[PDB]
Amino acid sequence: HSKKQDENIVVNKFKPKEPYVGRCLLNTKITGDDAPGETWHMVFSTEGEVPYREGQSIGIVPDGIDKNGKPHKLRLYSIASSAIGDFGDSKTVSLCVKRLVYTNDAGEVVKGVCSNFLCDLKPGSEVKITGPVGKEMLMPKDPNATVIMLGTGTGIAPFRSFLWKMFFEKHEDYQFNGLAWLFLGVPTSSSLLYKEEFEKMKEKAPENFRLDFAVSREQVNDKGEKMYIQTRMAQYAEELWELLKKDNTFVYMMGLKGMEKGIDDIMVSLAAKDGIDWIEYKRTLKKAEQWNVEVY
């Protein structure tokens, strides 16, 4: 008796020791040439073998030998494409991959293994695919639900997956009639992911979809404070808190680790004005499958 779409769920069909070998079809940088770090959108072939659904992850074993001599362990990535995929043929999986580059304490420029592998993939090359993994971030069964989605960076990926099923696809058993509300936080305009796709959705279903961005380096609120995802949210505080009281409202959070801090801070103020301690109210939201977080 789960409140999420988990009928016939598949988990761990393919194992890291023996993964499904797909091929790269397309691989495209989807950030501007000026953004802080490039993100690539990529489409793999699965010939229908990898039966996922909105909100799951595939794992990726990257080609190569570690500093010791034995194969790399997998890195999980959220599925950017919806169940039926970007081609609608149900034979593809897509990823949204931030290329990881930082400079370490010692002055060296260090490239993350699995993300740089994916971002250097050419169409034709083989990719080792494991999974699908995850049961937390599945859509609500309820088609008249409210589905507030908070996301930073590559954390937009499951939400693209979500929304494609809702607004870009016809299904004889799922017709979304609730409210879908995306909040996407990024540094620059050039860091904006799938903007066009989301814009298109907003105009196709203006009743059911609401879309707010948060560009910290270019945007500012009344108090001149930088526009983080919680800063944007703060503008619709009284309203989001009102939806949360409703027992058919599902919140999803996905993106970099740091993002969960700011949102909580604002929820404290919001909850305090009602006379309710947030940090504890969230625990009832968790139990009820309504506050769903997953950060990395």
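Start at 1 with the first residue shown and count on from there.
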Entry B factor averaged over C-alpha atoms, 266 to 274 against 35 to 43: higher for 266 to 274
Between 150 to 158 and 108 to 116, the record assigns the higher mean Cα B factor to 108 to 116
For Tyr174, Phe213, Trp164, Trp181, the deposited C-alpha B-factor is largest at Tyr174
Tertile call for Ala237 (CA temperature factor, within chain, third-based) is the middle
Tertile call for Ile65 (CA temperature factor, within chain, third-based) is the highest
Split the chain's modelled residues into thirds by Cα B-factor; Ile84 lands in the middle
Binned into thirds over the chain's modelled residues, the C-alpha B-factor of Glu294 lands in the lowest
On the chain's distribution of Cα B-factors, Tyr77 falls within the third called lowest
